[PDB]
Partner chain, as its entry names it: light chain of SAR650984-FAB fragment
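What follows is one chain in structure tokens, specifically the form deposited without the partner chain.
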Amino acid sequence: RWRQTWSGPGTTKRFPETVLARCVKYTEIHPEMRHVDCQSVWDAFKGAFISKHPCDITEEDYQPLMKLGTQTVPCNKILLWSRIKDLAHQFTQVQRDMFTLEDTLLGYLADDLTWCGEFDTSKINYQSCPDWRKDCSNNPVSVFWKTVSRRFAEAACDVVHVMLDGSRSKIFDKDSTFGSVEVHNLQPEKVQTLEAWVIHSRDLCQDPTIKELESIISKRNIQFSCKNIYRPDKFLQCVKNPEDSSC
């Protein structure tokens, strides 16, 4: 009452209604998902975490949802990112030069939301949810993202791009979802090159954590490439209008 069970913020208000509406909106826009039944998608989502202990969630819990959300993405146009979501989304919005995970049905449904249930009750917990660090890593949100990020990385081919935040302490972070899940699930048989865009001065492509990334991916038999983006404001402007003196 004046203290909560878990350390993290509770489930987003109107969670059920929100997921359902996002599904409707997504399926009206994208024609190849125009057949999906959103009620059953919701049912599948619910079934992954309702009445389950929010610290004992597994990837199998989410397989019904994964099956319903199966989607073909252009394998050579994938954009990954770490800790730099705003720029990555503004970029893909211009002319769909690339696809991020949130441009998929499943990524779109869950983006920016929090959720969890309770053991031996079918109630949603609007009070609090497990914190990944203080409480447990096997919570419904962390497990959802690990499962979908894995499959998304497995679908990539040819040249794969990643946006990284050059202002952070660790530009490449081995403990992030990109560093711990996506880099290890790219398929060397299909992926020719990983190219990083370091968003800002110095040559950050010489930064020690970037040399670590290069070494990791080279040892997987994948080529590594890196570019500095010194002025992200100018860069976005060039994407919208490559017809510019500055560009």
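Positions refer to the first chain, counted from 1.
Separately, the form solved in complex with the partner chain exists; it is not shown, and the next lines address it.
Student: Do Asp43 and the partner chain come within 4.5 Å of each other in the entry with it bound, heavy atoms counted?
Tutor: No, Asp43 is distant from the partner.
Student: Although the partner chain is absent from this view, report whether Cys75 comes within 4.5 Å of it in the entry with it bound, heavy atoms only.
Tutor: So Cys75 counts as contacting the partner chain.
Student: Quick check on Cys157: any heavy atom within 4.5 Å of the partner chain in the entry with it bound?
Tutor: Yes, contact at 4.5 Å.
Student: At a 4.5 angstroms cut-off on non-hydrogen atoms, which residues of 32-61 are near the partner chain in the entry with it bound? List them in order.
Tutor: Those in contact are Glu32, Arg34, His35.
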